[PDB]
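Residue numbers (the authors' numbering), protein chains in the order written: chain A, 1 to 31; chain E, 20 to 493, 688 to 952. Don't be surprised by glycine CBs; every beta carbon is placed ideally from N, CA and C. Some notes on the structure that comes next.
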Amino acid sequence: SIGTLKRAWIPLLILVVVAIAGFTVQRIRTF
Amino acid sequence: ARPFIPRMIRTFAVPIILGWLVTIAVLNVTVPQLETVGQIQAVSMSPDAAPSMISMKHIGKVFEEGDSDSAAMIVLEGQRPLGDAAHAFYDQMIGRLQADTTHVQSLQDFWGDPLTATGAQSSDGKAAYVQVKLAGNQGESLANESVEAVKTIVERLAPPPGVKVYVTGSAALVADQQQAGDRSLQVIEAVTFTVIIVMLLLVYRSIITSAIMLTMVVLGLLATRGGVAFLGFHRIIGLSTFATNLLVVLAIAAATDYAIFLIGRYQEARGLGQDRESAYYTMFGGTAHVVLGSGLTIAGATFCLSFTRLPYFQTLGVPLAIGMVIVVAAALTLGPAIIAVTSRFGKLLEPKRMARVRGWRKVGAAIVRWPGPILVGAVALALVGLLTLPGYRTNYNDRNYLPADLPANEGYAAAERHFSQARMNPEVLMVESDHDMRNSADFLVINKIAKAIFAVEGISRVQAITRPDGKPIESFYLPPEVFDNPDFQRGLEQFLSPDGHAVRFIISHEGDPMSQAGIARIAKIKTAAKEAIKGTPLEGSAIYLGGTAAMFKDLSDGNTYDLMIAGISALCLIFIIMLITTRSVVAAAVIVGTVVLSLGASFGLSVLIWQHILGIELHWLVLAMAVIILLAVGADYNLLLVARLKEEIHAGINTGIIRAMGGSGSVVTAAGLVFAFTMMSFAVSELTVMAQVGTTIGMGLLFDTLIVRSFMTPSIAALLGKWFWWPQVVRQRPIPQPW
């Protein structure tokens with residue numbers, strides 16, 4: 001339903017941003 | 020009505036003030052200072068995973084010469100070719116040095132041996148040198164005390180007439196650089212204090228109010244210093260002098276920012292014509308969340324800075340995170356209390372001769388009516404800044420960033436007069452095989468290795484058991694009967710491994726080993742050795758390259774990757790906080806873009822001023838610290854301005870922009886100018902690295918505050934209009950009202 005995906009867009013956007021940032025930083029740390 | 024927190028902080032003002040005073044008093048009396056704690060608990064500079072560090076450790080282990088990377092040189096020069104009295108002095112010198120065991124782990128004796136004396140002595144015979152290995156890795160205090168001890172042993176005994184003796188090498192350089200830094204914080208501090216006071220008197224044109232603001236700044240600084248010192252004293256967290264320096268500077272920056280924010284908001288509210296209480300309540304309610312968000316985002320970014328793989332940055336996150344937490348708590352609790360008690364007592368915080376908000380409303384009117392031209396002009400200046408960036412070179416030689424009167428510098432100069440190379444910074448290469456190298460065939464292969472390494476572009480001297488003086492430019690043959698010669702036995706014990714499974718070559722560069730070319734040369738050295746051993750029975754052996762050049766190459770690579778990590782983390786956190794505070798994706802995207810553009814332009818401008826005109830290249834610490842401070846301070850200012858804009862957007866967007874300007878542009882500009890010029894006062898400093906950092910940060914904040922933040926961001930806001938708050942829906946102007 002739209003209710004849970006438009007009331008919770010800020011938290012999910014923050015979670016995805018943190019997810020990609022963490023993935024890329026973990027990938028960089030091994031260089 | 021009156022929210023809980025502001026009342027709880029107003030009613031109990033005196034108890035909170037006394038609590039803070041007693042807490043700081045205890046923290047600073049029962050604990051040493053930050054600098055002493057950082058001294059007693061210094062940490063290494065080179066990460067353990069660096070191939071240079073591993074190679075140095077392994078070379079030391081195999082030859083039983085210690086497990087430390089530190090080293091130093093003693094150089095003898097005379098007005099006449101060195102004679103037998105010089106030899107006697109030198110022999111007594113090495114005896115006295117090797118007598119010590121807790122400081123000098125091992126000593127490398129060439130000049131004594133007549134076989135290698137030709138390689139250990141200048142061509143004209145007026146100079147000689149020896150290498151002693153100290154105790155305690157680089158950056159540790161053990162190395163400093165060890166080199167001080169060696170220097171005193173040197174100066175205790177009287178030399179022959181006509182010869183002087185000096186101590187040199189990287190160890191002496193770092194130690195005496197630290198001493199010079201210790202002794203070079205008096206006149207620059209005096210001028211800093213006077214510039215601070217004049218600038219404050221300029222901003223407030225009063226003596227009492229500047230006094231109160233300085234009171235707040237100093238109490239906050241003392242609180243953070245005492246807290247971090249206490250936490251680090253009991254080995255809870257790790258510290259280093261670099262961390263202490265940055266912590267102090269950032270503490271002053273944040274403390275002055277928050278103090279001016281609170282005072283300015285209170286003063287403006289008073290100017291609007293309210294009493295002495297409602298003004299306190301409105302300033303708290305309008306600034307507290309901004310302060311809290313700014314502080315916590317800075318703390319989070321600085322903590323995430325601890326996820327890297329370079330000691331200069333890894334050991335730096337936790338101290339600043341805790342320091343910023345302390346600063347935020349102080350500014351939130353002591354601050355409002357002190358304003359309340361000061362304002363209640365009498366007439367001390369009052370506005371007079373107001374001429375700032377009028378001018379800033381005028382510039383607001385200018386920036387709302389014609390956003391196109393102003394935006395394009397600001398972009399033009401930014402491009403003028405940016406185009407100088409791509410041509411930018413760095414320097415790793417720390418010698419020429421210090422005054423010329425240091426004893427290490429004079430020993431260097433005395434070394435440069437008789438030697439045609441940079442013999443004070445050698446390198447060592449080691450090849451380790453699984454069989455004995457003490458026979459003719461492996462000696463021929465060693466000669467091949469030495470010859471191949473010699474022909475590298477810019478390698479001047481290469482010393483090896485085959486050619487002790489450093490010029491392997493001939688055909689050669691070593692018969693197997695020379696191993697019986699005791700002098701050859703001393704040579705072997707000097708170069709080959711005692712078990713016979715290794716050899717090492719001592720390589721000296723041309724010109725400056727710690728410039729870009731010197732750093733690039735070491736990879737070529739390694740490749741040349743690998744190709745020289747290819748096809749011979751030594752094929753596939755292990756190659757270890759130790760020295761200072763390897764250290765700096767690996768440090769540079771780590772620096773690049775670590776800068777990327779920190780940039781990504783900081784930009785993500787700024788985006789997140791903007792999104793939370795304003796609830797727009799476009800606004801956060803615009804602010805992030807503006808920040809990146811501003812940092813690029815400011816660093817390009819600094820490169821223009823220093824690298825091109827003045828002709829001296831920048832260090833790299835300059836880049837790191839400049840970016841850290843600029844990021845933090847810019848995040849703070851941007852967040853305050855965007856929050857204030859969001860506050861008064863209901864009566865149209867144009868009126869909102871002009872009122873937000875007239876209300877907070879003055880405050881942000883005052884804070885930016887005060888800190889920028891306080892950082893510009895470091896130009897007159899003698900030390901070039903700290904002068905460079907001060908100037909970079911000062912110019913960065915001047916450009917940021919006067920152009921990027923006062924003309925460029927409000928112009929973008931006014932130009933984009935109602936699409937600056939998407940996905941929220943806003944009207945570009947309210948319903949018309951009847952006359």
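About 7 Å separates the beta carbon of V820 (chain E) from that of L831 (chain E), a gap short enough to meet the 8 Å contact definition. Less than 8 Å separates the beta-carbon of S815 (chain E) from that of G404 (chain E). Selection E:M92, E:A104, E:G85 evaluated against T121 (chain E) yields E:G85 as nearest (Cα-Cα). Within the stretch 124-153 of chain E, no residue places its CB atom closer than 9 Å to a CB of chain A.
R944 (chain E) and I255 (chain E) have their C-alpha atoms spaced approximately 54 Å apart.
Here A356 (chain E) has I28, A32, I35, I36 as same chain residues with Cβ atoms under 7 Å from its own Cβ, once five neighbours each way along the sequence are excluded.
Counting only runs of 4+ residues, the alpha helix (DSSP H) found wholly inside the stretch 860-948 of chain E occupies 867-873, 879-893, 901-916, 926-933, in chain order. Beta-bridge annotation (DSSP): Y148 (chain E) is paired with E:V94. In the three-state DSSP reduction, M456 (chain E) falls in the coil class, being neither helix nor strand.
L315 (chain E) is outside the set of residues whose beta carbon lies under 8 Å from a beta carbon in chain A. Beta-bridge pairing by DSSP links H722 (chain E) to E:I478. For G759 (chain E), the pairing in a beta bridge is given by DSSP as E:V447. Under the three-pair Cβ rule at 8 Å, the stretch 250-268 of chain E counts as touching the stretch 45-54 of chain E. Sorting E:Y850, E:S898, E:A873, E:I866 by C-alpha distance to the C-alpha of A883 (chain E) places E:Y850 at the top. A715 (chain E) carries a strand assignment under DSSP once its states are collapsed to helix, strand and coil. Closer than 8 Å at the C-beta level to chain A, one finds these residues of the stretch 777-794 of chain E: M777, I778, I781, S782, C785, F788, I789, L792, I793. From the listed residues E:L812, E:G771, E:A802, the smallest Cα separation to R328 (chain E) is found for E:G771.
Contact of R29 (chain A) with chain E is assigned, a C-beta pair being separated by under 8 Å.
Taking a Cβ-Cβ cut-off of 8 Å, the neighbours of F326 (chain E) in chain A comprise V25, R29, given in sequence order. Taking the Cβ atoms as the reference, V214 (chain E) lies roughly 6 Å from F890 (chain E), within the contact range of under 8 Å. Scanning its chain for C-beta atoms nearer than 8 Å, with the 5 sequence neighbours on each side dropped, one finds no residue around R202 (chain E).
The alpha carbon of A61 (chain E) has as its nearest neighbour, out of E:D455, E:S688, E:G869, E:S259, the alpha carbon of E:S259. In terms of CA proximity to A242 (chain E), E:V346 leads the group E:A230, E:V346, E:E287. Beta-bridge annotation (DSSP): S125 (chain E) is paired with E:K152. The continuous beta strand (DSSP E) containing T187 (chain E) extends over residues 182-187. Using a Cβ-Cβ distance cut-off of 8 Å, the stretch 129-138 of chain E and the stretch 473-491 of chain E are in contact, since at least three pairs of beta carbons, one from each stretch, lie closer than that value. Taking a 10 Å sphere around the C-beta of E174 (chain E), we find fewer than 16 other C-beta atoms and assign the residue as exposed. Not one beta carbon of chain A lies nearer than 8 Å to the beta carbon of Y299 (chain E). Relative to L854 (chain E), the option among E:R922, E:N156, E:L463 whose CA is nearest is E:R922. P927 (chain E) sits buried, since 16 or more C-beta atoms from the chains shown fall within 10 Å of its C-beta.
Interface flag for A19 (chain A) against chain E is unset, since no Cβ pair is found closer than 8 Å.
Residue environment for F23 (chain A): exposed (fewer than 16 other C-beta atoms within 10 angstroms of its C-beta). The three-state reading of DSSP puts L831 (chain E) in strand, counting E and B together.
For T749 (chain E), the three-state secondary structure derived from DSSP is coil.
With fewer than 16 other CB atoms across the displayed protein chains lying within 10 angstroms of its CB, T773 (chain E) is exposed. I910 (chain E) and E83 (chain E) have their C-alpha atoms roughly 47 Å apart.
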